[PDB]
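Trainee: Please see the structure below; I have some questions.
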Amino acid sequence: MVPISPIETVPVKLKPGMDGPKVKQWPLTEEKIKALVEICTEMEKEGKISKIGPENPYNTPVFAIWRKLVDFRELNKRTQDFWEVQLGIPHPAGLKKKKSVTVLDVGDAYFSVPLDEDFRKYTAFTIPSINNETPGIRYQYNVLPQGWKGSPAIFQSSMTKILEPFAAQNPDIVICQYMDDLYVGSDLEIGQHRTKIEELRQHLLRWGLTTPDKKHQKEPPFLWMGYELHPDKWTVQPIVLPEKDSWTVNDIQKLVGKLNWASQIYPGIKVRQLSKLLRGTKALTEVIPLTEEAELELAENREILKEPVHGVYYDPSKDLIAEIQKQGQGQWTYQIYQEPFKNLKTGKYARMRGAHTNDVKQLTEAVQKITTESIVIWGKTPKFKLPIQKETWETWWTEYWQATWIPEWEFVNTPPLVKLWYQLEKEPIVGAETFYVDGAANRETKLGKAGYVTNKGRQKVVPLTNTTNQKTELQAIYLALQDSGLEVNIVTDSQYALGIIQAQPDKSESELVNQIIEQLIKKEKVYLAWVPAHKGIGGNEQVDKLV
Amino acid sequence: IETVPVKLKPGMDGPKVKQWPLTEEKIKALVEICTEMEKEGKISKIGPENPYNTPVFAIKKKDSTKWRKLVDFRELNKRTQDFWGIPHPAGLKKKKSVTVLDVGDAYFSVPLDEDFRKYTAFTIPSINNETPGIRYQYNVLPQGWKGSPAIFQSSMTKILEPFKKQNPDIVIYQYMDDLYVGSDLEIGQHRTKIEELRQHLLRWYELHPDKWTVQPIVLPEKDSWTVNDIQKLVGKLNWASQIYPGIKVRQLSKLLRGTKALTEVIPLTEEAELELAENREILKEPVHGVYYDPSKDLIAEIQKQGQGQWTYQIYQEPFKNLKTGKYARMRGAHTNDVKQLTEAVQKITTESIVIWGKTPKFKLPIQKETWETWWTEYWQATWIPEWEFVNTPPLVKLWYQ
Ligand SMILES: N#Cc1ccc2ccc(Oc3ccccc3OCCn3ccc(=O)[nH]c3=O)cc2c1
């Protein structure tokens, strides 16, 4: 025999203040028992497990479904935390195209990596004897058990430590690890490629690791994590959209998930109208009807999912480009590509839940998302094509009270364009009428008044029912806008209204605010001044709206 | 050469903080640096049995093209036991000039406690999550950790003993990986003294505090006032009444009696000018009963004024400002708000360190996502303060301008 190379164990401890698992063994049928006996006999012959004495106080339940199933849930509850290597998943668009890509899955995967001997005694388990007339058969693991918390991480680190020297000695190829599979890729000739694959599986064989000796059991396209990986392109596995005249909340969640998953390569996927029905969740059993918006939207989704769309792989020698389009109702869509008409991937961004908003902010947030996603996937920020004029952005960020930034970008003329709908003056307007506005309401009777007086003697007070202080304060400003010329000065004591307007929204959830905005849009020059209330400031008549 | 035992605060497990994404160049720089540091025994590769992690990224200091490794030891710092205490040099801020030195290279000579090393674990991330990243842990004293200067205190004392005995007029303070040196000499003599001190630290950023003070509230001085002018004035004075007790505005408000156009000039009555003058006299005095509390946090607020101008206020209780200022320095950030804000935060933090010996908690006028996306691109300091985000526009913006 040739002594295969050993593998250093990974030191594992239990959580501090806890001890090894001690669980009562479940009652098993005689058939199950026999099956388990044979299986564990074969395994013991292989060297995966070992028989132990009664000294070991730890025990783990085991079932049969023949295949044995050791329930390590309690031991997992009592086993330390590990640096889990799976957080987030690779994206096919991030992979750099190679002329050849081979797959080597690893058989005897976990049962080829030794377990820390000091920890083996905690993985002890027993097999119920026939009729329980004899003491159960005691076993412990000598390798990594499947289902154990520490197995994937330790297996991964061992595999890395083994693969490192082959990689270092073969920079002309690229090796990737994922669970029980290895993906090797190169731009070499097919003969030299297969050659280096052989060298690799020989190298692994030196550590006693077995790979498919025959022609490799899997050839392109590779079905991986819901993706189809083809030699020249990638896509997603076929979409599955159920159709029923009675929908539940869970069905809505699954549909939303599937549509979101499909939206990464299929452009023009919308999910708002269906997501609005997820309010009041945690009740998985329900019957939620569909609006015309939602039905037309789902029909359009079946229109987009009609014909297959493929994404390409990444080429580092070419620039990285992301283009953005406004879809309305707070919806945004984007495409990330390097060559025209050939997408690396696509996506969508929905606005956050707020009271007020404008297009520029949302666009900025979209750019943020795309940027972060890009840095994750390709390790760089893409050049942007945005539906917004340079001058628009300039004016916006220059006058905006917050700090804001967009990486390198260019204007693409594809409507609808993001524009500034109105701009407040910085100084009072000469020759413009001056509207001193005010509003007030009774907290008890919910009755109120809103109005204005101007320097030219123009006056108005309007009575209001079912309203509040803030609503009347807004209403007064709205009244000032309605009955004024193309240029107007406006004085208010409302910090609320001033805040809202200085937030510069172009759309709101409050109809009154929307109306005010529509008024602003019609205006040529508007100066909005603020003063403290109840300071005896003449013009500011709190005594006019408190009657 | 002898490791001092270090533990954590009772009831606190080690740090498990997510490592955020990095660009390829920063990842490469970090790979290079950590490869070199591994060959120098400063760090060591670890296995999956180490679940602890601390964020890490790469920067570039001033006048340097060589990358640098920066570790966000914030979570580990607040989870690390409290070390003990040296009273902050209150004369450091009173000195004419202070120079900042980087003594981080010294820390790497002192080995770290073995049992504690697993808490310093960090990860060089991989692009597209192809690998679980390159994992390291520190063997020596890590730069950025609050325990490093605390442990190195005796050593630094021993090294700086002769220089301290030599120049009793020179003040020496230490914060993290930085050494602040204050004096009243001349810039040339200053620089030669600095080369001297760095040579003394070898064999073993000009900053002028005197050109920075606290800022008074000023009122306009006009010959003719418009309605708008008086409205803004009354607003400002009303705001300032929250700070200064004797501020009254009734006689100024009396001028606004009636509904006049905003651009209309109004002559001031004698009572109004008197009231204004009194208000001025009041504002010229300092604020009543304003003390510093070491047990309380320092809060810093920053407002964007436009045209590369920024204002800031450090305080503990509202309207009780401990420090105020206005950063307007332009240096290659003419087209970038975020860069300006980052530099401003750094400067304010520096001043805060010089004055109180600790960093303030910031309230940044920027969306969380934006800041979190871009702030590491312009950061050149070895420490990192805490921050939150204000989403509502403050009205007081033009009251500091
Ligand atoms: N972590 C991780 C991970 C997960 C799944 C993978 C699948 C294929 C693959 O393959 C690659 C392996 C090494 C280097 C370059 C690769 O892919 C470039 C793109 N590509 C693909 C399939 C094909 O048929 N042809 C190609 O050009 C690498 C992988 C890595």
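A note on labels: chains of the structure tokens are A, B, ... as shown, every chain counts residues from 1, and ligands are counted from 1 in their shown order.
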Residues within 10 Å of ligand 1 (only C-alpha atoms and all ligand atoms), as a ChimeraX atom specification?

Mentor: /A:86,89-103,173-179,181-187,219-225,227-234,312-315 /B:126-132

Trainee: Leaving out range 509-516 of chain A and any residue of its chain fewer than 3 positions from it, which residues lie within 9 Å of it when counting only C-alpha atoms, given as a PyMOL selection string?

Mentor: chain A and resi 354-356+471+474-475+477-479+481-482+500-501+505-506+519-521

Trainee: Output as an NGL selection string the set of chain B residues within 6 Å of chain A, with distances taken over only C-alpha atoms.

Mentor: :B and (21 or 23-24 or 48-49 or 51 or 127-130 or 132 or 235 or 253 or 256-261 or 337-338 or 365-366)

Trainee: If we count only C-alpha atoms, what is near range 293-303 of chain B at a cut-off of 7 Å, once residues fewer than 2 positions away on the same chain are taken out, given as a list in words?

Mentor: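 Returned residues: residues 291, 305, 310, 311, 312, 313, 314, 315, 316, 360, 361, 362, 363, 364, 365 and 397 of chain B.
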
Trainee: Write the residues you've just listed into a file as a short mmCIF file (atom, residue, chain, number, x, y, z; two decimals), in the first residue's frame, and include C-alpha atoms for each of them.

Mentor:
data_model
loop_
_atom_site.label_atom_id
_atom_site.label_comp_id
_atom_site.auth_asym_id
_atom_site.auth_seq_id
_atom_site.Cartn_x
_atom_site.Cartn_y
_atom_site.Cartn_z
CA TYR B 291 -19.04 72.48 31.89
CA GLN B 305 -23.55 75.40 4.12
CA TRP B 310 -19.39 73.37 6.60
CA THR B 311 -20.33 74.26 10.17
CA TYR B 312 -20.09 72.12 13.29
CA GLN B 313 -21.02 72.05 16.97
CA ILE B 314 -19.68 69.80 19.73
CA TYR B 315 -21.82 69.64 22.87
CA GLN B 316 -23.18 67.27 25.52
CA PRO B 360 -17.37 62.48 19.61
CA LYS B 361 -20.52 60.80 18.31
CA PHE B 362 -21.40 62.33 14.95
CA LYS B 363 -24.75 63.26 13.45
CA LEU B 364 -24.09 63.32 9.71
CA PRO B 365 -26.26 65.23 7.21
CA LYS B 397 -28.54 75.91 9.11
#

Trainee: Using only C-alpha atoms, pick whichever of B:41, B:205, B:398, B:90 has the shortest atom-to-atom distance to residue 292 in chain B.

Mentor: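 Ranked by minimum distance to residue 292 in chain B, first place goes to B:90.
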
Trainee: Hey, what's within 8 Å of residue 224 in chain B if we count only C-alpha atoms and toss same-chain stuff fewer than 6 positions away? As a ChimeraX atom specification, please?

Mentor: /B:265-267

Trainee: Please run DSSP on the backbone and report, as number ranges by chain, all residues within range 77-173 of chain B that come out as helix (DSSP H, G or I).

Mentor: B: 77-79, 104-107, 114-120, 127-129, 147-151, 153-166

Trainee: So that I can check the surroundings of residue 131 in chain A, please list as a list in words every protein, DNA and RNA residue that reaches within 10 Å of it, counting only C-alpha atoms and ignoring chain neighbours fewer than 4 positions away.

Mentor: residues 27, 28, 29 and 30 of chain A

Trainee: For residue 241 in chain B, which residue out of B:380, B:279, B:213, B:65 is the nearest one, using only C-alpha atoms?

Mentor: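 Comparing B:380, B:279, B:213, B:65 against residue 241 in chain B, the winner is B:279.
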
Trainee: Which residue is closest to residue 117 in chain A? Choose from A:240, A:198, A:56, A:9 and count only C-alpha atoms.

Mentor: A:9

Trainee: Within 7 Å of residue 149 in chain A, counting only C-alpha atoms, which residues show up once you throw out same-chain ones fewer than 2 positions away? Write them as a ChimeraX atom specification, please.

Mentor: /A:76,147,151

Trainee: For CA of residue 210 in chain B and CA of residue 87 in chain B, determine how far apart the two atoms are, in Å to one decimal place.

Mentor: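 Separation of CA of residue 210 in chain B and CA of residue 87 in chain B: 21.8 Å.
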
Trainee: What is the distance between CA of residue 138 in chain A and CA of residue 21 in chain A, in Å to one decimal?

Mentor: 14.6 Å
